[PDB]
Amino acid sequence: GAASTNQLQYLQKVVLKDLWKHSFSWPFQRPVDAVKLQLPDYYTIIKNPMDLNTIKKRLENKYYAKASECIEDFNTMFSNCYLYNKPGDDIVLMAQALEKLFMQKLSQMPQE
């Protein structure tokens, strides 16, 4: 699928890179460390943990056949943050800014 491969390349080379270099992205660059953060319930409440490194590795290993599968993982990462945390939390403020950037860059993904 040439079109799907081109869209996945855009997600890897543009969207992922733009989120990664954003100054708020660091908490999302590795899976949540429930021990370090003292969150003994995180991996019970969050049923599909997700982070930018997991997405990066999936792109690198050709894990996705379609762009929608990769977009789903970005959406899960943000959704998880909002499910576990509370309005007004530092991480929720960071996530909202990152998600705005995500939507902007995603809207420029080639459509055909």
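Note that residue numbering follows the sequence shown and begins at 1. Between two forms, the rigid core is the largest collection of C-alphas that superpose within 1.5 Å.
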{"property": "Which of 44-52 and 71-79 lies farther from this form in 8 other deposited structures of this protein, as RMS of C-alpha positions after a rigid core fit", "result": "44-52"}
{"property": "Greater root mean square CA deviation, 100-108 compared with 12-20 in 8 other deposited structures of this protein, core aligned", "result": "100-108"}
{"property": "Mean C-alpha temperature factor, higher of 67-75 and 42-50", "result": "42-50"}
{"property": "80-88 versus 31-39 - which carries the larger mean C-alpha B factor in the record", "result": "31-39"}
{"property": "For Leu106, the third of its chain into which the C-alpha B factor falls", "result": "middle"}
{"property": "Ranked C-alpha temperature factor of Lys100 among modelled chain residues, by third", "result": "highest"}
{"property": "Third of chain Cα B-factors occupied by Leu11", "result": "lowest"}
